Number of protein chains: 2
Amino acid sequence: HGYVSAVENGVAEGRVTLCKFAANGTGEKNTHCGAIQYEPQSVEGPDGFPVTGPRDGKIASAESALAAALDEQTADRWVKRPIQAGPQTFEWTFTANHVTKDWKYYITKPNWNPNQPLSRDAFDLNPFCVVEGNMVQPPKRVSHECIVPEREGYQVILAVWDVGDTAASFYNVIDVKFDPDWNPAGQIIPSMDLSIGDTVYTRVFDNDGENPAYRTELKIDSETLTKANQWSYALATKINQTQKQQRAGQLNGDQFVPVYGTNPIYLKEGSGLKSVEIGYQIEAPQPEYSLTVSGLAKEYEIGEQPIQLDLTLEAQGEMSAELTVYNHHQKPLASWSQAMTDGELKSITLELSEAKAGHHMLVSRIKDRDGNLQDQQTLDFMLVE
Amino acid sequence: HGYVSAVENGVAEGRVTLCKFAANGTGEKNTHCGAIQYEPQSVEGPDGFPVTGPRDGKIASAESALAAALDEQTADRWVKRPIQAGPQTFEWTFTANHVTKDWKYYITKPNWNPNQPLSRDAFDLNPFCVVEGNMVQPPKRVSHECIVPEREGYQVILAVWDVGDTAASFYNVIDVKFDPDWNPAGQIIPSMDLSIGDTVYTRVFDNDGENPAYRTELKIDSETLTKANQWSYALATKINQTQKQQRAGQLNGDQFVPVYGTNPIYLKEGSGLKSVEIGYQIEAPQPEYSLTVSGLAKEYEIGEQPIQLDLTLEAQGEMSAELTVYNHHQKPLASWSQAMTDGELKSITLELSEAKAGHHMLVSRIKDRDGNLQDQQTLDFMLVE
C-alpha cells in the first residue's frame with residue numbers, strides 16, 4: 001500500500017495523493033475525489049497491465065470501488081504539476097510492506113485526448129522507466145531516477161507498482177504540465193450550490209486590507225446560475241470582463257480561461273493587491289427542518305431482556321436522520337440512520353448493546369438532502385434497577 | 001481569513017483545519033466536513049462573543065453556510081488531538097490580511113457534555129488566554145503562548161480572532177484530549193456504504209508482509225451492515241472479539257471502544273505485527289448506467305445566429321448527467337447538468353458561447369444516485385464556415 005508523493009525528492013504528486021495532501025509549493029488539492037481521499041494508499045487493482053489489468057476507462061481507479069471519481073477525464077478536471085523532459089525523480093511513500101516485482105512508468109502519446117477516458121490507446125505502452133524490485137520488500141520510501149520523454153502541454157504519467165506475492169498492482173496516475181507578471185492569489189472553488197436571489201463575490205485585499213473598490217459581484221438570477229460549476233465559471237468570466245489588475249480561470253497557453261469547475265485567481269504584479277477570498281450573500285430563505293422524536297421514557301427498568309427504545313420520528317423537510325445512544329461513559333450502545341421524506345413518520349426500535357443503571361442520552365442529528373447538519377438534539381434518559 | 005494550525009510550534013490544529021490538512025504525526029483527517037473542507041480559512045461570523053456572536057449550536061460553524069457540518073457534537077465524531085495542562089503554544093496561519101483587535105481562547109467547563117451542541121454554558125466564559133492585536137495587521141503566521149487549565153479527557157478549546165475594522169470574528173474550535181504498549185497501526189474509516197453479499201476485512205502486516213492468519217473479516221449480511229458507520233463499528237467489534245494481539249476503537253480511559261464512525265486500530269507491542277490496512281470484497285457486478293445522446297451532427301455551419309446543439313438524451317439507471325462542450329483549444333463553450341430517472345427521455349438544446357471553425361467535443365459524465373461516477377463518453381463534431 002502506498003502512493004506517489006513529493007516529500008523528499010519527488011517531482012510531482014499522484015492525482016490521488018493530492019486528494020489528501022496539498023501540492024508542494026502551490027498548496028492546491030484535487031477536489032471531489034470521493035472515498036479514496038481518505039486512503040490514497042489503496043489504489044490497488046488486478047496485475048498484468050496492459051495485457052490484462054484494469055480495463056479501459058478504469059485505469060486511474062484501478063477498478064477500485066472507492067476510487068471511481070478518479071476515472072473522470074477532461075482538460076480542466078485535475079490539478080496539473082509542472083515537469084520537464086529528461087532526468088526526473090519519482091517518489092513513492094509506502095504505508096504497508098509488500099514484496100515487489102517492479103515499478104513501471106508510462107506516459108500519454110502526444111496525440112492523446114485529454115477529454116476521453118484514459119485507455120491503453122492513450123498511452124505509449126512501452127514504459128519510459130522500469131525499476132526492478134527483485135522480489136524483495138522495499139524500504140518505506142523509494143526514489144526512482146527516470147528519463148521523461150519530450151512532450152508539450154498537459155500529459156498523464158501512469159506509475160505502476162507490481163507486487164510479487166499477490167495477483168495485484170498499485171496504479172497512480174499523475175497529471176503534469178510540460179514547462180509571470182501574474183501571481184496566484186486565491187481561487188473560486190465550486191463547493192456549494194446557490195439559490196436564486198443569492199450573490200457570490202470576491203473580497204480583494206491590498207496593502208491596507210480588504211478594498212471594496214476592487215470587488216466583483218455576481219447576482220444569482222437564473223436557475224442555471226444555481227449550479228456551483230456554473231456560478232464559478234460566471235464569476236471568473238466577470239472578473240476578466242471588468243477588472244484590470246485581476247484575472248481568473250485556468251492557464252491555457254498565455255490565456256486565463258474560465259472553466260465550469262475550479263477557477264484560480266491571479267493578481268497583477270505591481271498592483272499592490274495581495275489576495276482574494278470569496279464571500280457568499282444569501283438573501284435566501286432558511287427552509288425549516290425538524291425531527292420530532294416521541295416514545296422515549298424517563299426511565300427504563302433493567303429486566304431479563306435487552307433494553308429496547310420504541311420511538312417515533314416525524315420529519316419536517318427532506319433529510320437524513322442519524323440517532324445514537326450513549327451511556328454515561330461515552331460508550332455508544334446503539335445507532336440508526338435512514339433517509340426520510342418531507343412529512344414522513346417512522347416507527348423504529350433501538351436495542352441497547354448493554355444494560356447498566358445510569359444516565360443515558362439519545363443524540364438525534366438532522367442532515368439536509370445535500371448532507372449538511374441542520375440540527376442536533378440530545379434527549380436524556382435513565383436505566384434503573 | 002485564517003485558521004488554527006500546527007505547521008510550526010502549534011500544539012493542536014483547529015477542527016476545520018483537519019478537514020483539509022492531515023494532522024501532525026498521525027496523518028488523521030476529519031471526515032465529511034462539507035464545503036468548508038476546501039476553505040478552512042473562512043469560518044467567519046458575527047463579532048461580540050460571548051455576549052453576542054454566533055448563537056448556541058452554531059458556534060463551531062460561526063453560522064457560516066459552508067461550515068454547518070462542524071456543529072455536530074458527540075464524544076466520537078471528531079479527531080481528538082493530545083494536549084497537557086500548563087504552558088502551550090497556539091498557532092494561526094492567515095490567508096488574508098485583517099487589522100486585528102485581539103485573539104481570545106476559551107476552554108470547556110469540566111462538567112461539559114460532549115454529546116450536546118456547543119453552547120455558552122459548555123464554556124468557561126473567562127478566557128484562559130488573551131493576546132492583544134493592537135489594531136494592526138499581523139504577520140502571515142503567529143504564535144501565542146498560553147497557559148492551559150487543568151482538565152482530563154476530551155475538551156473543546158474555542159479560539160476567537162477578532163477583526164478590528166469590521167463587525168466580524170473568526171471562530172475555530174479545537175478538539176483536544178488531555179494525557180502504553182498498544183501501538184497505533186491503522187484506521188477503519190467509514191467512507192463508503194456496502195452491499196448485502198459484500199465483505200470488509202483487515203489485512204494485517206508483520207515483518208514478512210501480509211499475514212493471512214491474522215485477518216478479521218465481516219460479511220455484510222444485513223440491511224443494517226450496509227451503512228458505513230455500521231460496518232465500521234461491527235468490524236472493530238469483531239476484531240476485539242476474535243484477536244489477542246489487536247484492538248480497535250477510540251481510546252476511552254484504558255479501554256478501546258468501537259464507535260459508529262472512525263475506529264483506530266492498535267497492535268500489541270512485541271507481537272511482531274507492524275500495521276493494518278482495510279480491504280473490500282464486492283460481490284454484485286451491477287449496475288450498468290448509460291446515457292445515449294441523439295442528434296449530434298457530424299458538422300455544423302457557421303452561422304448568423306449562435307450555433308445550437310439539438311440533443312435527445314436517454315437515461316439508463318437513476319443518475320445525474322453532466323454535459324460539456326470543448327473546442328479544440330479546450331475552452332468550455334457550454335455546460336449542462338441535471339438529474340434523470342431510470343429510462344427517462346430528455347431533449348435539450350445547448351448553445352455554444354462562440355462559433356469558430358474546427359474540431360469540437362461533447363463530453364458526458366454519468367453519476368449514480370450516490371454521486372459515484374459510472375461512465376464517461378465523448379463524441380467528436382466539427383464546425384465549418
Side-chain angles (χ1 to χ4, degrees), chain A residues 1 20-22 29 31 34-35 38-39 41-42 57 65-66 68-69 71-76 95-99 114-117 137 165 189 191-192 205 209-210 227 229-230 233 252 257 259-260 275 277 280 282 324 326 329-332 335 337 361 363 365 371-374 376 378, chain B residues 1 20-22 29 31 34-35 38-39 41-42 57 65-66 68-69 71-76 95-99 113-117 137 165 189 191-192 205 209-210 227 229-230 233 252 257 259-260 275 277 280 282 324 326 329-332 335 337 361 363 365 371-373 376 378:
Chain A
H1 297 243
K20 175 165 179 171
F21 300 107
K29 303 236 324 250
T31 65
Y38 301 119
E39 43 183 311
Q41 69 269 20
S42 304
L66 272 48
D71 289 319
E72 186 181 348
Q73 184 55 238
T74 71
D76 45 47
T95 61
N97 59 317
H98 294 79
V99 166
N115 298 316
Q116 231 119 42
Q137 299 183 36
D165 285 359
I189 306 175
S191 61
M192 169 190 85
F205 293 79
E210 186 160 344
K227 292 296 188 166
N229 286 343
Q230 289 275 350
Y233 171 87
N252 289 333
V257 183
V259 302
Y260 301 91
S275 56
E277 296 288 343
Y280 309 79
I282 336 214
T324 311
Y326 293 95
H329 302 282
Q330 295 355 327
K331 175 173 193 169
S335 189
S337 58
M361 51 212 132
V363 181
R365 287 138 290 178
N372 33 231
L373 184 81
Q374 293 290 122
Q376 181 181 314
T378 299
Chain B
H1 301 239
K20 167 161 181 167
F21 298 93
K29 298 275 297 266
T31 52
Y38 301 118
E39 45 182 305
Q41 68 261 27
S42 301
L66 263 46
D71 290 319
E72 176 164 9
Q73 182 62 230
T74 64
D76 42 48
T95 61
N97 58 319
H98 294 83
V99 165
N113 191 333
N115 294 324
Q116 294 176 324
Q137 305 172 25
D165 56 15
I189 299 181
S191 62
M192 208 177 49
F205 295 81
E210 192 172 8
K227 313 290 299 165
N229 288 334
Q230 298 274 353
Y233 172 92
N252 284 4
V257 178
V259 303
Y260 297 92
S275 70
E277 301 280 347
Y280 310 82
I282 297 172
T324 312
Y326 292 98
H329 310 279
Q330 272 114 22
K331 181 162 60 174
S335 186
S337 74
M361 309 183 67
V363 176
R365 271 132 313 165
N372 293 292
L373 183 74
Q376 174 181 328
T378 75

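Every chain is numbered from 1, with letters handed out A, B, ... down the list of sequences. Excluded from the calculations below are hydrogen atoms, water molecules and symmetry mates; all remaining heavy atoms, backbone and side chain alike, are included.
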Give a yes or no on whether the backbone of [Y] and the side-chain of [X] come within a donor-acceptor separation of less than 3.5 Å.
{"X": "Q376(A)", "Y": "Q73(B)", "value": "yes"}
{"X": "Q374(A)", "Y": "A68(B)", "value": "no"}
{"X": "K20(A)", "Y": "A22(B)", "value": "no"}
{"X": "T378(A)", "Y": "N115(B)", "value": "yes"}

For chain A, the option from [options] that forms the most heavy-atom pairs under 4.5 Å:
{"options": "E39(B), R365(B), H329(B)", "result": "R365(B)"}
{"options": "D165(B), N252(B), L66(B)", "result": "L66(B)"}
{"options": "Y280(B), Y233(B), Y326(B)", "result": "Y326(B)"}
{"options": "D76(B), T324(B), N113(B)", "result": "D76(B)"}
{"options": "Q116(B), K29(B), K331(B), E72(B)", "result": "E72(B)"}

Under 4.5 Å from any heavy atom of chain A - which part of [X]:
{"X": "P114(B)", "value": "side chain"}
{"X": "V259(B)", "value": "both"}
{"X": "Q230(B)", "value": "side chain"}
{"X": "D71(B)", "value": "both"}

Heavy-atom pairs under 4.5 Å with chain B - which of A35(A), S191(A), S335(A), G371(A) has more of them than the others? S335(A)
What option among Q330(A), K227(A), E277(A) has the most heavy-atom pairs under 4.5 Å with chain B? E277(A)
